[PDB]
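Mind folding the following:
(4 chains, ligands or ions: 4)
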Amino acid sequence: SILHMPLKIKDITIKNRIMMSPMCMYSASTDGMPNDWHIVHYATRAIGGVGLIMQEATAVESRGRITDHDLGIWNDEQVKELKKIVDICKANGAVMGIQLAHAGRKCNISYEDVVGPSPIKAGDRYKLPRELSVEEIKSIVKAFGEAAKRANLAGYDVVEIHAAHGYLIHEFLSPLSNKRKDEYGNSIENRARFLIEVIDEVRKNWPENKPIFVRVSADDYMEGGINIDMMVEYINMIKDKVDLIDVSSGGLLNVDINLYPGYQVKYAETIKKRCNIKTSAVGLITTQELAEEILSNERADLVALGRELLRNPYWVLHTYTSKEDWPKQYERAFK
Amino acid sequence: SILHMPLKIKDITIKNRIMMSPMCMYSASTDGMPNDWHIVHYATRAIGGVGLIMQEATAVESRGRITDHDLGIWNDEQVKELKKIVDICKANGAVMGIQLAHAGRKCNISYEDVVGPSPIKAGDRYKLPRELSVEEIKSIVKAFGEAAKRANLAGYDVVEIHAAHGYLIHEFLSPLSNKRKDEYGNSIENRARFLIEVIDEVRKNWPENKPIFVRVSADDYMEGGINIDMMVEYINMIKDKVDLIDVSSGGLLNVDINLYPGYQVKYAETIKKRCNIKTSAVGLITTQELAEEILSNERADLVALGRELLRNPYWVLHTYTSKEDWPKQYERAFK
Amino acid sequence: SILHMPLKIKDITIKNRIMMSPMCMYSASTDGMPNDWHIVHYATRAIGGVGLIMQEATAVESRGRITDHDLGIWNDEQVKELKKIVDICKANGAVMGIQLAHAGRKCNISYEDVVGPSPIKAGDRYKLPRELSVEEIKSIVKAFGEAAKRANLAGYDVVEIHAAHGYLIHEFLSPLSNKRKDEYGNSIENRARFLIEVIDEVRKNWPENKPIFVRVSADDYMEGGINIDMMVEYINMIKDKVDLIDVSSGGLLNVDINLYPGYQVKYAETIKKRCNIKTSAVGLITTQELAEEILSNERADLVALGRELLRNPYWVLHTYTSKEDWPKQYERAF
Amino acid sequence: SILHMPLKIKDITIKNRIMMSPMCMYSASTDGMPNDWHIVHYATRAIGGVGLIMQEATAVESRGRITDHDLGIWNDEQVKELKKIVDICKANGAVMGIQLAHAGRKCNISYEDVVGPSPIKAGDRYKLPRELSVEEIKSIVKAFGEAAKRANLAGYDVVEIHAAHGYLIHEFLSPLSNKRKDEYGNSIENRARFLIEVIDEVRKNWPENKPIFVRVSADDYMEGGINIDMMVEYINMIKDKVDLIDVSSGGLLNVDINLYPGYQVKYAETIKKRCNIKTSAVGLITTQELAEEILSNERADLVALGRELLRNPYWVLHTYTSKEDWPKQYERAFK
Ligand SMILES: Cc1cc2nc3c(=O)[nH]c(=O)nc-3n(C[C@H](O)[C@H](O)[C@H](O)COP(=O)(O)O)c2cc1C
Ligand SMILES: Cc1cc2nc3c(=O)[nH]c(=O)nc-3n(C[C@H](O)[C@H](O)[C@H](O)COP(=O)(O)O)c2cc1C
Ligand SMILES: Cc1cc2nc3c(=O)[nH]c(=O)nc-3n(C[C@H](O)[C@H](O)[C@H](O)COP(=O)(O)O)c2cc1C
Ligand SMILES: Cc1cc2nc3c(=O)[nH]c(=O)nc-3n(C[C@H](O)[C@H](O)[C@H](O)COP(=O)(O)O)c2cc1C
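Residues are numbered from 1 along each chain as shown, chains lettered A, B, ... in the order given. Ligands and ions are numbered 1, 2, ... in the order given. And now the structure:
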């Protein structure tokens, strides 16, 4: 299958084209520490043959968590514990990625120091965010850098910057949430500035031979917000600094959209073609058939599975055509 | 499901977006007559919920058969027998189409008059075809007209002209097979002439309120042959005369191509968008998931299933979410 | 698969162990005649690879129909139309069976002569049946024989006597519905008399080298009714005269029944072992896996599929491991 | 489903009727220690909703291993590590069992002290076992007792005595392998003596409120060996001392057995009915349909899955009809 073809990005070789999409498990301590639940959860999909396991949103500051049961990488003590996830997944044959995240105004911890580009709530249940100063923005850029340094110490192969789903970076990118009139607002170049500074600071702290991904929301599904043309312009600003765009949509504000298998694939293909950059496709993909169509028609370079890998952790094993491709311990169960 | 949305074309309403792709059954007598095998074969998929059943290649001249077990519509006697297929499929809720065909140089009958645009074999296992005179070309154009007249008398709802898969019309369209220096060759307008004349003659013999489809091969997969750019030009020449392009590829000469699910879908989408015409997609589509993605992402207007409907004739019924959508006799078998 | 092993019964060889269970389609006209709907319906499962297609309940008298859209074989004019079903199914590789039936007190036609062993309704919605005389019982026996004669003329390979599902013969077999005090009631031998007579009259009209099946309800799920031990007794009375027992349950009266895959298989196994006779198992079987277990554990000789073959007509084709087992027209889809 | 009904045995409640059959993973050290591969392996099936996880054959002494990558429980160091498996499986909702084993003459370790009841090989590739003295038999009985003591310290809920598959206890039970003329041979009561002594010693070391299972081979498939009637006799000797018979077959000598789904179910039903004891069925069972048939027709009290749980670890989750039955982390994947 084309899904079984390797993809080399810088010095990292991913053995197949399936990525486990980053999915929060809301199972960490309030100190952001992983536990045996995470270790088993990720190892299971490594065992199941996933090429690239992207760890769930891991907060670069405590106020950048979504919930107070999220994973963190805002301090050095978290490194030794996250390394346990990295080591077991790599031992079982996966490339390990980490999604570096900051929830911004969508931080749902009522007691946290919630921040954003402009003082507008994510919704009625949320705390009003403090409007960030330029000084504070610089400190958050620094925090992404330190998180990348820690990720490298923990042994992650790939870093992803979470610029999607209504969180901090997306909030700067969208005119619907960014009403700033300083150097981080108004013009498209200014709205992109925070993302660009984060990328630059991550690269200062990330080995040049390891890849950087960026996850984006390619559509806000709302007049005056991000649309595919706007996202194409943003990706063109950063394509010389990052390796692959993990293409999603939505999350900034509540919107009813049409959901169906592959509903975000056109965004992935459009970015891939217009920007000439590698992309990942995600969204209601569950079958080998659709995954193969996406890859073979060159609509994306990787296929990300989220919910399908929650219910069906060995999806990739079931696509193999010989028992020798299975874990030796499970060879006898090949059909 | 989007699959269950009707499609109206002229006065004909297809109840859903699934077409049974035309597939030769090689089960007729040497007289080209259908028999109980064909009647059951097609009726089964009408019962199974298929929106549009496209009858297999039905030869407009005896020398236009692929084999001497193909269906024919080259005489008036065949009409009464074909009507039996039409009536039973319509009785069971399907729209009935007929693929009007001429195999040209790919006719495999030893005792037939094998003809083509130029004296060039389809491959080293085929007969050298006899080069058609302009008078003979007019006679075949006439034969397509008479075939459409007969199809209307038999009660078909849709006619499809078979201009694909390396058969006669495709042979005129491709520079690899058409070496003529008269008005039927040596320019793109001249190579299109036969197709255009066939369409015009069919229209003279086909009610204005019934659709005309054309099946094409959008790619020869060979330098100098048809490619997507060339097929867009051909479709632009005919799009004001026909209702839907049934998009396929290959067949002209033996070529090794990459086969995978949806390997012809990009041609279908490309023709739909560049020519602003309805299209059907076909080729290794077997899942509801991929069918839904194709329709929802506006890559085609109909999804054609071939081999899946041979092995799984009730595929459409399995997509229904209510017992009242099933044939009353089988209601007790719903989930 | 054991599913693919032939079964020879008298001179008829069934190419595999899958039977299409008899299922009413309510698609005939009031004349009892089949039409193109039936022809396509059965032909489809023959193309789908079913070893033995058992045609739906086909009434041996017009008053023996369940509905007035049932198939009939109570007159000679029906033979040439039923033959159309037989010929196309055999042409496509299936052994063809017919379920000879009589609805008795469960006849749902308001204007028919609804008859039964005793004047007791099947339920609130049913007509009070007219209590049969001995002469009338003999006439119905004769009707079964004539129906078998017609079935042979139409070319059926197998005849099945429908002695189940609360219909006429079952009504004679169950103490719950048979309160007669003549030679057709009041002892197990007398309750079996009608069935035995029907079998004998069928044998006089059916070639000795073609199989006879009998479908039975092995449990009424009610105190005083048929139970597995009683059915074993009945089967031992007829086993020297028939070839296979098609084992089902229920239908005489409304009862709550626990439903699950294989819920009637224990009845099939018990009759098979305790009577030393071939059996078929039916009821909520949908998987190759369970079909194989039933056959390989010698719980039955055939597995009957009903609803699974309505929704999934090519079930058998999907069990083949080579394209040569498929219809040649469809080989490309293997 | 009937498979979702709890089964309470003594003070232990199994939440459903699915057992993970004991399966060697050949992944331990030569010191018989488990490692992270075992912990994840078993935990995965606990997460997957399995009611009772039966750990693989765990050797009561080193010469009782099948291979030198088997788990052992002959010392405290092993207990400390096995406890990690128990704890994570119980934390995720499973009852944890351990299969206490001794390979006897089928010990396949080239350097071990291979023992059996009589000096007869299991097959040409095996070593000739040395005939145990009555004193040595008593010491192996004591080893089973100490193993049960250790298993209780590790926190296992259920202890299973492995008396099947051609291993030590089975070798004493079968006339084909037991040619002894002392009190451990000849008569059926003497053949049963070792099994009976092992059960008695386990009971001295195992809490009275925790279940004891026994796995047996109910057929040797050879004239003069064990058959179902003989096994019924043995179970009648022990049924007042144990809680459930885990019914299997074969293993003593190589025999060409007819393999098919449910091929051992008749043995489980017969023991259940004739002995009035609970049983589990195992062997080529993969479908919900067959599992439900087995339980509903009262052929067994538990259904054990082996290879199906290797390839499809979340089998039980897929049977649930409500999202609330899923682990909370995965409830978004309920479909
Ligand atoms: C439980 C859950 C947690 C999620 N958490 C994250 C996350 O940390 N980061 C992220 O980028 N997307 C997250 N998402 C979105 C998924 O990664 C994925 O983009 C989305 O579910 C669409 O893919 P699917 O249809 O394959 O699940 C989450 C989704 C789910 C269901
Ligand atoms: C047995 C068989 C017969 C076919 N005959 C025809 C035909 O008469 N006309 C046609 O346009 N294509 C014919 N084809 C091609 C199919 O219509 C369809 O385009 C092709 O098989 C790809 O679709 P699938 O992958 O869904 O089968 C045939 C294919 C098969 C397998
Ligand atoms: C539509 C329908 C019609 C039926 N008609 C008959 C019939 O004519 N004769 C009969 O013996 N059983 C009849 N039954 C019962 C079936 O033959 C079969 O015994 C029952 O459906 C259980 O099997 P299944 O679970 O495979 O469907 C019918 C069932 C259905 C659903
Ligand atoms: C890899 C593997 C290891 C096994 N190890 C054991 C074992 O330790 N103890 C045991 O009683 N059976 C063992 N068996 C047998 C299984 O537990 C089970 O009885 C057998 O495979 C039939 O079940 P299945 O068809 O569901 O796999 C093993 C089977 C396999 C495939």
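
So for residue A:331, what's the nearest residue that isn't a sequence neighbour?
Using Cβ to Cβ, 6 or more residues apart in numbering or on different chains and skipping the chain neighbours, the partner closest in space to residue A:331 is residue A:323 (4.8 Å). Any C-beta I mention is one placed from the backbone N, CA and C, and that applies to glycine too.

For the one you found, grab the count of nearby residues.
13 (other Cβ atoms under 10 Å in any protein chain shown).

again with residue A:256
With other Cβ under 10 Å as criterion, residue A:256 counts 6.

And the one 4 residues further on, by the same measure?
Look at residue A:260: counted by other Cβ under 10 Å, it has 16 neighbours.

Next one: the closest residue to it other than its chain neighbours from residue C:309, what distance?
In space, and not counting its chain neighbours, residue A:260 is closest to residue B:296: 4.1 Å by Cβ to Cβ, 6+ apart. Noted for residue B:296: a distance of 33 Å to residue C:309, by Cβ to Cβ, to the nearest Å.

Please name every helix or strand in contact with whichever helix or strand residue A:97 is part of.
Using DSSP states H and E, residue A:97 sits in strand A:95-101. Using 3 or more Cβ pairs under 8 Å, 6 or more residues apart in numbering or on different chains; DSSP states H and E, the elements in contact with strand A:95-101 are strand A:12-14, strand A:52-59, helix A:77-91, helix A:134-154, strand A:158-163.

And it, what's buried?
A:95-101 (16 or more other Cβ atoms under 10 Å in any protein chain shown).

Tell me how many other residues crowd the closest residue to residue A:303 other than its chain neighbours.
Spatial nearest neighbour of residue A:303, chain neighbours left out: residue A:291 (4.5 Å); criterion: Cβ to Cβ, 6+ apart. For residue A:291, the neighbour count with other Cβ under 10 Å is 30.

what's residue A:291 in contact with, if anything?
Counting by Cβ atoms under 8 Å, 6 or more residues apart in numbering or on different chains, residue A:291 touches A:3, A:17-18, A:285, A:303, A:305.

TSV for those, including secondary structure and neighbour count?
Formatted as TSV, those follow (DSSP: H, G, I helix; E, B strand; the rest coil; neighbours: other Cβ atoms under 10 Å in any protein chain shown):
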residue	secondary structure	neighbour count
A:3	helix	18
A:17	coil	25
A:18	strand	28
A:285	coil	27
A:303	strand	26
A:305	strand	23
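
circling back: by how many degrees do the strand holding residue A:97 and strand A:52-59 diverge?
Computed by axes from the mean of the first three to the mean of the last three Cα atoms, to 10 degrees, the angle separating strand A:95-101 from strand A:52-59 equals 20 degrees.

and the residue of chain A found nearest chain C, what is it in contact with?
Nearest residue of chain A to chain C, counting by Cβ to the nearest Cβ: residue A:335, 12.4 Å away. Neighbour list for residue A:335: residue D:311 [criterion: Cβ under 8 Å, 6+ apart].

ok so it is a strand residue?
No - using DSSP: H, G, I helix; E, B strand; the rest coil, the secondary structure at residue A:335 is coil, not a strand.

circling back: out of the contacts of residue A:291, who's nearest ligand 4?
Using Cβ to the nearest ligand atom, residue A:18 is the member of those that lies nearest ligand 4, at 25.9 Å.

where do the helices sit along the stretch 101-250 of chain A?
A:134-154, A:168-173, A:188-204, A:228-238 (DSSP state H, counting those that start in this stretch).

nearest spatial neighbour of residue A:333, skipping sequence neighbours?
Nearest to residue A:333 is residue D:310, by Cβ to Cβ, 6+ apart, at 3.7 Å.

what about the one you found, how many neighbours?
24.

Quick check: it touching residue A:328?
No - using Cβ atoms under 8 Å, residue D:310 is not in contact with residue A:328, being 11.5 Å away.

what's near enough to touch the nearest residue to residue A:189 once chain neighbours are set aside?
The shortest distance from residue A:189 to any non-neighbouring residue, by Cβ to Cβ, 6+ apart, is to residue A:237 (7.7 Å). By Cβ under 8 Å, 6+ apart, the contact list for residue A:237 reads A:189, A:192, A:196.

hmm, which of those residues are the buried ones?
residue A:192.

could you pick out which of the contacts of residue A:237 are near ligand 4?
When contact is defined as Cβ under 6 Å from any ligand atom, the contacts of residue A:237 do not meet ligand 4 at all.

Reformat the contacts of residue A:237 as a markdown table; add distance to ligand 1.
Output for these, formatted as a markdown table (distance: Cβ to the nearest ligand atom, whole Å):
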| residue | distance to ligand 1 |
| --- | --- |
| A:189 | 25 |
| A:192 | 20 |
| A:196 | 20 |
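
residues of stretch A:290-307 that come out buried?
A:290-297, A:299-307.

Which ones among the residues you listed map onto strands?
A:302-305 (DSSP state E).

List the residues that contact the residue nearest to residue A:307 when sequence neighbours are not counted.
Once flanking residues are discounted, residue A:307 sits nearest to residue D:333: 4.5 Å by Cβ to Cβ, 6+ apart. Counting by Cβ under 8 Å, 6+ apart, residue D:333 makes contact with A:307-308, A:310-311, D:326.
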